[PDB]
There are 4 protein chains.
Amino acid sequence: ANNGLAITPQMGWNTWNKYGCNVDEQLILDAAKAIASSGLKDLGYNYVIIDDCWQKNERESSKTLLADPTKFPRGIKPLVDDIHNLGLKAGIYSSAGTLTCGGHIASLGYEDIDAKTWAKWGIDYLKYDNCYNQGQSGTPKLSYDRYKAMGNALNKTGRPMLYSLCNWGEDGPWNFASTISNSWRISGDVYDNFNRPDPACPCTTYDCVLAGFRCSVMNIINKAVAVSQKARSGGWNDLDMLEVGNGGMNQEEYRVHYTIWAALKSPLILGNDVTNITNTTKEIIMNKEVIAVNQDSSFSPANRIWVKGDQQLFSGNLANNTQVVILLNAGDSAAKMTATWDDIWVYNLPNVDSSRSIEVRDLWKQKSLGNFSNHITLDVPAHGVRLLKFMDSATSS
Amino acid sequence: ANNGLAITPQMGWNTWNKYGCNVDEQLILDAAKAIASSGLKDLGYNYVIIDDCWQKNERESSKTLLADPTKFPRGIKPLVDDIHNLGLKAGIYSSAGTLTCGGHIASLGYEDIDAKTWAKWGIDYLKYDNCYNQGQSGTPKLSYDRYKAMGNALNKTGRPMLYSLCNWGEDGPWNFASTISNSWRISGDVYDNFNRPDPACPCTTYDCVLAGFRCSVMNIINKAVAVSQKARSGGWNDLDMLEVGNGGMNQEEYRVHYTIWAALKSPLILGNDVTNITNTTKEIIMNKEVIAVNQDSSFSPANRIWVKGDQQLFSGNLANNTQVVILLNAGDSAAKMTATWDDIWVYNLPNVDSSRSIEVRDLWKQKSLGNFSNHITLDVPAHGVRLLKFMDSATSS
Amino acid sequence: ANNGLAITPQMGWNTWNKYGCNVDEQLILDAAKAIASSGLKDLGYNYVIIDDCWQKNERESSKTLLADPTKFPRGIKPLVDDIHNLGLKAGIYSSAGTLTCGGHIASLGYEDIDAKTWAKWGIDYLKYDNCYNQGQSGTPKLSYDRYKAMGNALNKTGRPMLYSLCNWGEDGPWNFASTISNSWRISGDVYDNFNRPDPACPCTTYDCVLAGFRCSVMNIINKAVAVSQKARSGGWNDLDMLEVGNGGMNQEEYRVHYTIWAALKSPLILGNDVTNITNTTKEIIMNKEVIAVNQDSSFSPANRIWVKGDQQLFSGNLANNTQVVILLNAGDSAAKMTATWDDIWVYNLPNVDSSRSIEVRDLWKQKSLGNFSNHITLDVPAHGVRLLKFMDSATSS
Amino acid sequence: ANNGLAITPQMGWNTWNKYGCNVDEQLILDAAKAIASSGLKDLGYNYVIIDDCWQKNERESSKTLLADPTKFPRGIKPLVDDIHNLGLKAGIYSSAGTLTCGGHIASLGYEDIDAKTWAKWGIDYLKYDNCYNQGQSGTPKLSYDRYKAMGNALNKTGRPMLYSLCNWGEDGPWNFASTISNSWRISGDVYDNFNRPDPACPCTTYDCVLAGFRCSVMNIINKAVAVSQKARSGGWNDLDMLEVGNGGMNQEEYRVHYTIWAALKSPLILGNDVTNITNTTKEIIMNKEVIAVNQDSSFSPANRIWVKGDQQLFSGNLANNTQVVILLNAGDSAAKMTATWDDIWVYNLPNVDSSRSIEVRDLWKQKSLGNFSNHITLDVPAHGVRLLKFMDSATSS
Ligand SMILES: *[C@@H]1O[C@H](CO)[C@@H](O[C@@H]2O[C@H](CO)[C@@H](O[C@@H]3O[C@H](CO[C@H]4O[C@H](CO[C@H]5O[C@H](CO)[C@@H](O)[C@H](O)[C@@H]5O)[C@@H](O)[C@H](O[C@H]5O[C@H](CO)[C@@H](O)[C@H](O)[C@@H]5O)[C@@H]4O)[C@@H](O)[C@H](O[C@H]4O[C@H](CO)[C@@H](O)[C@H](O)[C@@H]4O)[C@@H]3O)[C@H](O)[C@H]2NC(C)=O)[C@H](O)[C@H]1NC(C)=O
Ligand SMILES: *[C@@H]1O[C@H](CO)[C@@H](O[C@@H]2O[C@H](CO)[C@@H](O[C@@H]3O[C@H](CO[C@H]4O[C@H](CO[C@H]5O[C@H](CO)[C@@H](O)[C@H](O)[C@@H]5O)[C@@H](O)[C@H](O[C@H]5O[C@H](CO)[C@@H](O)[C@H](O)[C@@H]5O)[C@@H]4O)[C@@H](O)[C@H](O[C@H]4O[C@H](CO)[C@@H](O)[C@H](O)[C@@H]4O)[C@@H]3O)[C@H](O)[C@H]2NC(C)=O)[C@H](O)[C@H]1NC(C)=O
Ligand SMILES: *[C@@H]1O[C@H](CO)[C@@H](O[C@@H]2O[C@H](CO)[C@@H](O[C@@H]3O[C@H](CO[C@H]4O[C@H](CO[C@H]5O[C@H](CO)[C@@H](O)[C@H](O)[C@@H]5O)[C@@H](O)[C@H](O[C@H]5O[C@H](CO)[C@@H](O)[C@H](O)[C@@H]5O)[C@@H]4O)[C@@H](O)[C@H](O[C@H]4O[C@H](CO)[C@@H](O)[C@H](O)[C@@H]4O)[C@@H]3O)[C@H](O)[C@H]2NC(C)=O)[C@H](O)[C@H]1NC(C)=O
Ligand SMILES: *[C@@H]1O[C@H](CO)[C@@H](O[C@@H]2O[C@H](CO)[C@@H](O[C@@H]3O[C@H](CO)[C@@H](O)[C@H](O)[C@@H]3O)[C@H](O)[C@H]2NC(C)=O)[C@H](O)[C@H]1NC(C)=O
Ligand SMILES: *[C@@H]1O[C@H](CO)[C@@H](O[C@@H]2O[C@H](CO)[C@@H](O[C@@H]3O[C@H](CO)[C@@H](O)[C@H](O)[C@@H]3O)[C@H](O)[C@H]2NC(C)=O)[C@H](O)[C@H]1NC(C)=O
Ligand SMILES: *[C@@H]1O[C@H](CO)[C@@H](O[C@@H]2O[C@H](CO)[C@@H](O[C@@H]3O[C@H](CO)[C@@H](O)[C@H](O)[C@@H]3O)[C@H](O)[C@H]2NC(C)=O)[C@H](O)[C@H]1NC(C)=O
Ligand SMILES: *[C@@H]1O[C@H](CO)[C@@H](O[C@@H]2O[C@H](CO)[C@@H](O[C@@H]3O[C@H](CO)[C@@H](O)[C@H](O)[C@@H]3O)[C@H](O)[C@H]2NC(C)=O)[C@H](O)[C@H]1NC(C)=O
Ligand SMILES: *[C@@H]1O[C@H](CO)[C@@H](O[C@@H]2O[C@H](CO)[C@@H](O)[C@H](O)[C@H]2NC(C)=O)[C@H](O)[C@H]1NC(C)=O
């Protein structure tokens with residue numbers, strides 16, 4: 001959407017994974033202070049998003065929906081003021097249905113009223129779910145009209161609010177939602193697992209009528225590669241929250257997860273604990289050079305160039321004629337992987353000079369690997385990535 | 001739906017399989033008395049559901065549809081009074097179409113009138129079919145509006161009536177029907193057969209435009225595992241009626257059928273003979289410990305954790321930190337099957353203590369198997385199950 | 001539909017395959033006289049259906065569409081009178097679109113006017129195509145409304161006209177069309193070929209968005225077996241016209257084609273030459289015992305019981321407790337095939353007596369094969385059938 | 001559509017591939033002069049189509065959308081006059097959405113106004129894209145209504161304008177668009193590559209909800225063969241622009257690409273450089289005998305008769321009882337391929353004389369191969385074709 005927001009993908013943190021329905025004012029305020037104090041804020045993670053279970057049990061006579069008075073004894077607005085004081089922005093969650101996924105009151109048919117409430121509170125960001133939608137889906141037009149009702153509602157408040165769709169790829173939001181929202185979930189929810197299939201996440205492709213949840217990292221990657229082509233500044237594919245630090249994956253698996261989310265220009269919303277961040281977690285989420293790929297001014301997702309057995313190659317443009325290249329090894333053992341210049345710049349063929357000498361930097365290690373021509377061969381860990389920046393292009397005029 | 005009904009899955013018995021179109025007042029009354037006298041009523045099977053072929057050949061001038069005067073010489077109301085006197089509840093069948101599946105007058109366009117008639121009769125339960133729907137399906141919205149017309153009609157009578165959808169999973173009722181009905185058929189009709197495929201049941205997955213009938217037990221299980229995630233108190237996936245005792249399956253096959261229907265929180269509607277219940281049938285349908293799994297206060301279906309060849313593992317939470325675990329052997333020969341603690345509590349990883357010693361009870365045998373740590377290995381019959389309750393959890397804080 | 005017509009499947013002959021766009025008054029009249037004189041009329045083939053290319057180039061100022069004055073110099077009505085005089089009924093073709101498949105003026109938006117014209121002419125039968133439908137398809141509701149407009153138009157003339165849908169299975173007419181029409185094409189058009197696949201007939205199952213044409217006999221059979229379950233007196237699945245005698249198949253292939261169309265209760269519309277009928281053709285299309293299966297008073301299609309490699313078994317009820325059984329050998333060489341009593345009456349299990357001695361008749365040979373118990377084993381030609389009638393049932397009370 | 005245009009498939013050249021967003025008045029005028037001077041105009045390539053990025057940044061107060069004043073300092077009309085003076089016709093691009101694929105102002109909701117502007121400018125041809133369509137797709141009816149709005153808008157100007165749909169096969173334009181437009185894209189965009197699969201072009205068949213781009217030549221061919229059956233004079237399947245000369249394919253690959261596009265009666269729109277045409281390019285795009293196949297008066301696409309491993313046979317009618325035959329070798333090595341008379345005229349079986357002696361001409365070589373009976377065997381290069389004309393038919397009366 002052309003609303004001045006999400007010019008690059010949004011970055012932030014969300015209450016759900018850590019706090020769930022135990023979310024309250026004090027936990028949110030402590031997390032926001034940890035986000036600021038740890039350095040995450042200055043790295044770019046500036047949205048603090050209050051997920052499901054903030055809601056009071058019933059709407060007011062006035063029809064507005066206030067926050068639970070026990071969890072939020074001052075109401076939401078004074079909490080948002082405290083977040084704003086930290087130099088952070090505040091997000092809120094609802095659903096495009098009668099109820100949220102957690103069974104709380106949601107916004108279908110109350111879009112104007114709820115948007116007005118959030119604007120009054122100082123909310124800067126809405127995550128808008130797809131539970132209990134009363135059969136208002138199944139065609140792009142049905143889903144469009146329902147999400148457009150809230151998009152219009154937000155707009156009319158006059159307050160800029162980042163509009164994050166959460167409809168799990170149903171009816172193709174990469175087609176229908178691109179001018180009316182800032183980002184759209186493309187799949188069922190990720191879980192803290194690298195590649196285990198699950199019956200609650202039956203779909204393996206972008207084309208899905210039951211998005212579900214418990215979708216592995218690899219499941220989501222195979223869906224994302226089809227829809228990257230639709231992503232633009234202000235309008236991103238959302239691969240769901242980052243699981244880094246939660247413990248169900250190893251470090252190389254988290255590195256893969258973070259790398260691909262970053263390079264495909266997903267929003268980078270932390271779905272973890274920010275109050276006790278281990279060195280292992282900091283290594284993955286606080287690398288400025290990797291963040292700079294996600295936040296790159298060319299606004300282009302990396303493309304998947306090939307799949308060879310369990311190996312995958314990604315390649316994308318970055319600013320100033322540079323290139324991001326990712327070797328991904330989905331196999332159970334470490335492997336030597338090779339990227340050729342003709343593959344890295346495949347879409348430019350035949351206008352590629354394979355003999356061109358180019359400096360390659362390893363962005364995780366934050367070191368130059370030196371100059372290479374023709375191809376590069378590197379060790380890639382099991383379930384692992386090597387994330388490379390080419391400091392020039394082999395493309396011929 | 002939030003109408004105070006089906007807080008746990010409904011249990012009962014239906015006239016179709018035994019009586020079909022020969023259904024009449026006396027057969028229903030004899031079955032209700034057998035349900036009460038055999039102990040089935042006190043076990044929880046309290047709904048007596050009159051299926052298709054009760055209808056008079058034409059509507060009254062008043063537009064109401066009365067019962068066939070030969071089959072029901074006093075009308076339906078006095079029969080419902082007799083059922084109520086036995087401490088039982090009464091159900092009736094119609095279709096969301098111009099005709100029922102049996103070709104009798106049905107309720108499309110007459111929803112208010114028919115609901116009013118049923119309320120006057122004292123009906124407590126509606127099974128609402130999907131035959132002859134005049135093309136009013138193919139999107140979630142089309143099917144939603146048609147089923148919502150009857151949901152609203154029932155509601156406005158002021159009489160609580162359990163609303164059982166019978167649209168065979170068309171357009172995803174687990175999404176559209178969850179706030180407007182109490183349960184929804186997810187597949188084409190079961191038949192008295194464990195695993196034989198049939199051309200009238202072509203679909204093998206939840207995503208289906210021709211649900212059909214003659215779907216085997218195993219066919220239905222493979223569909224159900226995708227949609228369990230949507231089930232909630234008051235709003236259940238319905239795997240169709242129980243075939244136990246009809247004779248086309250052996251005892252271990254019926255045990256599997258009953259176990260999975262119970263653990264996936266399907267309604268448990270007996271589709272059999274209640275006037276002559278063999279010891280073999282009683283063993284399967286009158287086990288209080290198995291019924292207690294279906295009726296568990298946590299209201300959670302068991303999840304399918306893995307498929308390994310013809311073997312399947314299910315695991316789900318029960319009340320007071322206990323767990324239901326099912327080993328299912330779909331192979332033609334008995335096998336030793338193993339469940340590990342890490343698999344049983346997979347969604348909790350890494351917060352699982354595999355060394356935790358826990359008592360395991362066999363619910364069919366109704367005996368403690370003793371304490372186990374790490375894994376359990378058991379003999380499982382061909383087309384068979386072992387149904388286990390873990391008396392504590394291995395989950396770590 | 002409940003309009004008194006197609007109580008059994010319709011039988012007849014259609015101008016297209018033989019005459020195409022060269023159709024005219026004299027050719028139709030000569031074919032009708034051949035139908036009467038050859039004995040086809042008295043066998044049951046009583047509809048003479050005028051297919052595409054009868055139309056005048058433009059509608060009248062009055063908006064009616066008359067017949068081409070060169071091809072039909074007296075108009076259609078006097079030709080229909082001549083057909084009626086032969087004891088035959090007359091059919092006409094149009095499309096539910098702006099143009100017919102041949103590019104002539106069709107009936108979308110003119111349904112009342114065109115139905116009125118046909119009734120005035122004495123037409124008894126409409127074949128109603130799906131070409132040029134202006135995007136009015138893609139959901140059951142879209143296709144339903146378009147076909148309902150003509151169904152209503154025909155009805156209001158007061159003249160009984162058999163309503164034959166020709167929408168090639170799009171959006172599932174076996175669901176939507178069953179109360180508003182007498183029969184519905186379920187697939188793209190057959191061609192004179194037993195099993196050759198073709199890119200114009202890409203779909204292999206009932207679920208299809210491009211029905212196309214050049215669908216082989218075997219292609220159509222594999223689609224039909226899914227939808228047989230929906231067929232009822234007055235409302236039939238239509239497997240398209242019979243190719244018998246056209247020359248692109250051998251006699252055993254035509255026997256298979258005719259047998260399956262007959263036993264699945266398809267309309268039997270001859271799509272061949274009736275003015276020169278060879279002995280080989282008469283053997284296939286003039287066998288009263290095979291016609292009696294199609295016209296059986298139980299109105300039930302035979303069901304496909306199994307597929308074993310290239311072999312298929314069909315079994316269905318006939319009147320007076322008899323059974324039709326078909327062994328079908330889709331393989332390139334003759335084979336001995338076996339049907340067991342438990343398979344023939346599979347849906348009745350366990351209530352089947354496999355030792356029951358029953359007389360079996362070969363309907364093509366028109367001879368008793370004697371009595372059998374348990375199973376029957378017979379020689380079946382390449383691409384061939386054996387068509388059997390069991391003179392009693394093995395089903396136990 | 002019956003608007004007097006595209007009686008044979010349109011031929012021309014499009015600005016996108018060569019000039020992209022650097023398109024301007026002078027480059028267009030130089031290309032039009034090269035088209036005329038090189039002989040391309042007189043061969044039939046007479047449309048000069050201005051693609052995306054011509055647009056001014058905002059609409060006028062009057063609501064019309066003018067051209068970028070820097071790129072087009074005289075406006076579009078005087079440029080169209082210059083094109084007309086060369087004996088050429090002018091085309092323009094927009095999208096059926098709020099924005100074009102390049103992010104410029106597009107025509108949804110402004111169809112009458114924009115059509116009026118183009119008619120005033122003297123535009124003869126519209127390419128009408130499917131980007132940013134606001135969820136107005138997903139059924140044939142949704143897409144139909146959106147494309148019909150522009151079709152009607154063009155018509156009402158009174159100026160004949162060739163209406164080229166560019167919706168990439170979404171919702172089946174071969175069904176819905178055939179009477180309201182002159183041609184319809186059937187797939188995601190071609191790229192300069194013979195057979196490399198790409199994740200942005202996930203679909204391999206005509207049935208697709210994400211058409212994407214980077215579809216190889218072979219990918220598009222496998223889609224086209226399903227829909228050829230729908231093509232008619234004035235209403236063509238569009239296989240996207242010709243890549244010939246761009247360099248990412250070899251000469252035999254381009255020959256295959258051009259041959260199949262020509263024989264399937266695709267529009268032949270050059271998507272290359274016309275200002276420097278190599279001898280290798282001229283050999284492929286300036287062969288009058290191949291163009292004569294595309295422009296043949298029988299207006300019939302060739303049909304794919306078989307696929308045998310990596311080999312394919314195409315056969316179609318041409319004027320005066322002649323036949324086009326194509327042997328296509330998609331394998332990596334040259335092969336001897338055989339076409340039999342029974343396969344070439346398969347749809348005429350059994351009325352084919354395989355012994356019929358017929359002269360066969362090689363259209364690329366422009367030489368007679370002499371007379372053949374029964375079959376022909378020829379060398380076919382890797383990724384290659386042999387394009388044949390049979391000077392008579394083997395079909396028997
Ligand atoms: C409620 O909804 C409304 C409606 O959506 C929304 O209002 C929009 O708000 C956004 C954000 O503030 C506005 O977007 C900004 O628009 C600025 C002006 O854009 C126009 O002018 C540009 C400059 O023109 C100069 O140069 C051109 C050269 O071509 C020359 O002719 C001119 O004479 C002039 O000198 C021009 O570039 C721009 O063109 C773009 O769009 C056209 C049409 O699609 C396309 O052809 C071009 O290729 C180009 O993409 C346009 O015509 C703009 O400068 C500004 O852009 C800067 O910031 C954005 C991010 O905001 C960056 O992406 C970009 O790189 C720039 O640095 C920005 O896009 C928009 O105008 C409003 N729309 C309307 C209709 O009012 C509200 O915000 C919503 N409110 C709430 C509370 O939610
Ligand atoms: C025709 O249709 C109508 C419309 O659907 C239907 O009317 C409904 O009927 C049902 C059944 O009788 C009613 O449901 C009951 O509602 C009871 C009241 O619920 C509210 O209040 C609860 C208690 O509030 C206290 O505690 C809170 C703490 O949070 C505190 O703030 C308050 O001040 C107060 O002290 C509250 O818990 C409840 O909240 C639920 O819902 C909200 C919003 O979605 C969510 O945020 C919460 O998480 C929670 O889930 C709500 O606000 C309720 O007590 C009662 O629940 C008991 O029984 C049910 C089953 O019935 C059990 O599931 C449950 O465990 C409890 O033991 C029950 O749910 C409902 O209110 C009617 N709705 C309306 C609009 O009238 C008719 O019945 C239909 N008629 C016919 C004939 O068919
Ligand atoms: C324009 O459209 C209209 C609207 O569709 C159409 O009008 C219909 O035309 C058809 C054909 O003429 C009519 O159908 C006939 O109806 C006859 C009467 O049917 C009723 O009565 C039957 C007998 O009742 C007796 O027995 C019962 C025992 O149960 C007893 O109670 C009664 O007191 C009485 O003594 C009854 O059997 C029948 O019941 C059927 O339907 C109901 C409801 O769905 C169902 O519950 C039953 O199971 C049963 O199926 C009904 O109530 C009927 O006799 C006759 O049937 C004979 O012929 C048909 C074929 O026509 C055979 O299939 C059958 O075996 C019988 O031999 C037939 O069906 C219909 O009534 C019209 N409908 C209306 C609303 O007017 C026009 O024809 C159209 N016009 C044009 C020009 O196209
Ligand atoms: C190692 O790789 C780097 C690129 O990562 C090479 O640097 C590149 O060197 C080329 C040739 O010297 C530079 O191109 C030149 O640019 C100048 C203008 O600055 C122009 O006048 C020349 O015509 C030529 O095109 C290029 O700028 C430079 N790129 C970067 C990003 O620095 C380096 O040469 C490689 N080392 C070796 C030993 O080859
Ligand atoms: C056999 O398995 C059972 C569980 O099915 C084990 O019983 C469990 O024993 C543990 C440890 O003794 C109990 O946890 C403890 O709870 C008390 C409070 O009651 C707390 O103070 C301790 O810190 C500790 O957490 C647990 O309650 C109990 N669970 C149940 C359901 O009884 C039993 O120990 C096993 N036997 C052997 C030999 O290990
Ligand atoms: C050869 O097969 C035929 C059936 O196709 C056998 O004929 C059937 O014979 C049985 C037993 O004799 C008959 O059932 C009986 O019916 C009478 C009433 O008629 C009843 O009183 C008995 O209790 C018994 O159920 C049956 O009607 C008859 N079916 C037909 C269609 O004729 C025949 O017996 C077989 N031959 C041999 C040597 O087994
Ligand atoms: C080489 O192939 C060509 C066809 O490409 C053969 O030419 C064809 O020859 C036949 C028989 O001579 C011609 O048919 C005849 O037409 C006349 C009327 O012109 C008719 O009176 C006869 O009954 C017969 O049907 C046919 O016109 C002609 N076709 C063409 C396109 O020229 C030629 O015969 C072959 N050469 C050899 C040695 O077989
Ligand atoms: C932050 O997390 C770390 C690592 O998980 C915690 O360090 C552990 O402290 C506990 C309890 O005091 C000990 O059992 C372990 O020895 C420590 N584990 C490791 C890996 O070092 C730490 O407690 C947390 N920080 C705070 C202040 O709670």
# chains A, B, ... in the order shown; residues from 1 in each chain; ligands from 1
>>> residues_around(residues="residue 164 in chain C", least_positions_apart="3", cutoff="8 Å", atoms="only C-alpha atoms", output="VMD selection string")
chain C and resid 125 to 128 181 to 185
>>> residues_near_ligand(ligand="ligand 3", cutoff="10 Å", atoms="only C-alpha atoms and all ligand atoms", output="VMD selection string")
(chain B and resid 21 53 to 59 68 to 70 98 to 100 102 to 106) or (chain C and resid 1 to 8 119 151 to 163 179 to 181 232 to 234 297)
>>> interface_residues(of="chain C", to="chain B", cutoff="9 Å", atoms="only C-alpha atoms", output="CSV table (one decimal) with C-alpha atoms, in the first residue's frame")
chain,number,residue,atom,x,y,z
C,138,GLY,CA,-17.2,-21.6,-12.3
C,139,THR,CA,-19.5,-22.1,-9.3
C,140,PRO,CA,-22.5,-24.5,-9.0
C,141,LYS,CA,-24.7,-21.4,-8.4
C,142,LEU,CA,-23.6,-19.5,-11.6
C,143,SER,CA,-24.2,-22.6,-13.8
C,144,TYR,CA,-27.4,-23.4,-11.9
C,145,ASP,CA,-29.0,-20.0,-12.5
C,171,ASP,CA,-19.6,-27.2,-11.7
C,172,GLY,CA,-21.1,-30.7,-10.9
C,173,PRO,CA,-24.6,-30.9,-12.6
C,175,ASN,CA,-25.5,-32.0,-7.7
C,176,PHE,CA,-27.1,-28.8,-9.1
C,177,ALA,CA,-29.2,-29.9,-12.1
C,178,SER,CA,-30.9,-33.0,-10.6
C,179,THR,CA,-34.3,-31.4,-9.9
C,180,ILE,CA,-34.4,-29.0,-12.8
C,206,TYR,CA,-15.2,-36.0,-12.5
C,207,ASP,CA,-13.5,-32.8,-11.2
C,225,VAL,CA,-18.1,-44.3,-12.0
C,226,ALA,CA,-17.7,-41.4,-9.5
C,227,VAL,CA,-21.1,-39.8,-10.3
C,228,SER,CA,-23.4,-42.9,-10.8
C,229,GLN,CA,-24.3,-42.5,-7.1
C,230,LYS,CA,-26.4,-39.4,-8.0
C,303,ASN,CA,-21.4,-49.8,-9.4
C,304,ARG,CA,-17.7,-50.3,-10.1
C,305,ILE,CA,-16.7,-52.9,-7.3
C,306,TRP,CA,-13.0,-53.0,-8.1
C,347,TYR,CA,-22.4,-53.6,0.0
C,348,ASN,CA,-24.5,-56.3,1.6
C,349,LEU,CA,-21.6,-57.9,3.6
C,350,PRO,CA,-21.7,-59.8,5.9
C,351,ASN,CA,-25.2,-60.8,4.8
>>> residues_near_ligand(ligand="ligand 7", cutoff="8 Å", atoms="only C-alpha atoms and all ligand atoms", output="list in words")
residues 322, 356, 357, 358, 359, 360, 370, 371, 372, 390, 391, 392 and 393 of chain D
>>> write_last_selection(atoms="C-alpha atoms", output="PDB file, in the first residue's frame")
ATOM      1  CA  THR D 322      -3.229 -29.469 -47.234  1.00  0.00           C
ATOM      2  CA  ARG D 356      -1.559 -42.556 -50.387  1.00  0.00           C
ATOM      3  CA  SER D 357       1.484 -40.954 -52.056  1.00  0.00           C
ATOM      4  CA  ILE D 358       1.792 -37.293 -51.061  1.00  0.00           C
ATOM      5  CA  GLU D 359       4.396 -34.585 -51.668  1.00  0.00           C
ATOM      6  CA  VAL D 360       5.945 -33.182 -48.487  1.00  0.00           C
ATOM      7  CA  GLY D 370       9.533 -35.426 -52.670  1.00  0.00           C
ATOM      8  CA  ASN D 371       6.624 -37.859 -52.345  1.00  0.00           C
ATOM      9  CA  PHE D 372       6.079 -40.272 -49.440  1.00  0.00           C
ATOM     10  CA  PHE D 390       1.695 -32.117 -46.964  1.00  0.00           C
ATOM     11  CA  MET D 391       0.455 -31.002 -50.382  1.00  0.00           C
ATOM     12  CA  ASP D 392      -2.537 -33.335 -50.259  1.00  0.00           C
ATOM     13  CA  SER D 393      -4.521 -35.366 -47.720  1.00  0.00           C
TER      14      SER D 393
END
>>> closest_residue(among="D:275, D:22, D:298, D:222", to="residue 36 in chain D", atoms="only C-alpha atoms")
D:275
>>> residues_around(residues="range 279-294 of chain B", least_positions_apart="5", cutoff="10 Å", atoms="only C-alpha atoms", output="number ranges by chain")
B: 8-11, 38-40, 43-45, 242, 244-246, 250-252, 254-268, 270, 272-274, 299-302, 316-319, 323-324, 362-366, 387-389
>>> select_by_dssp(residues="range 71-201 of chain D", states="helix (DSSP H, G or I)", output="PyMOL selection string")
chain D and resi 76-85+111-121+140-156+173-176
>>> residues_around(residues="residue 118 in chain B", least_positions_apart="4", cutoff="9 Å", atoms="only C-alpha atoms", output="list in words")
residues 76, 77, 92, 113, 114, 122, 123, 124, 126 and 154 of chain B
>>> residues_around(residues="residue 186 in chain B", least_positions_apart="3", cutoff="8 Å", atoms="only C-alpha atoms", output="number ranges by chain")
B: 167-170, 172-174, 206, 223-224, 237-239
>>> residues_near_ligand(ligand="ligand 8", cutoff="7 Å", atoms="only C-alpha atoms and all ligand atoms", output="VMD selection string")
chain A and resid 276 to 278
>>> write_last_selection(atoms="N, CA, C and O atoms", output="PDB file, in the first residue's frame")
ATOM      1  N   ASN A 276      15.710 -12.113  28.220  1.00  0.00           N
ATOM      2  CA  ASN A 276      16.909 -12.896  28.494  1.00  0.00           C
ATOM      3  C   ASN A 276      17.387 -13.437  27.151  1.00  0.00           C
ATOM      4  O   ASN A 276      16.948 -14.486  26.708  1.00  0.00           O
ATOM      5  N   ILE A 277      18.256 -12.672  26.499  1.00  0.00           N
ATOM      6  CA  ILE A 277      18.714 -12.979  25.152  1.00  0.00           C
ATOM      7  C   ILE A 277      20.111 -13.582  25.264  1.00  0.00           C
ATOM      8  O   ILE A 277      21.048 -12.885  25.657  1.00  0.00           O
ATOM      9  N   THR A 278      20.248 -14.868  24.933  1.00  0.00           N
ATOM     10  CA  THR A 278      21.552 -15.543  24.992  1.00  0.00           C
ATOM     11  C   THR A 278      22.475 -15.032  23.878  1.00  0.00           C
ATOM     12  O   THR A 278      22.014 -14.470  22.875  1.00  0.00           O
TER      13      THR A 278
END
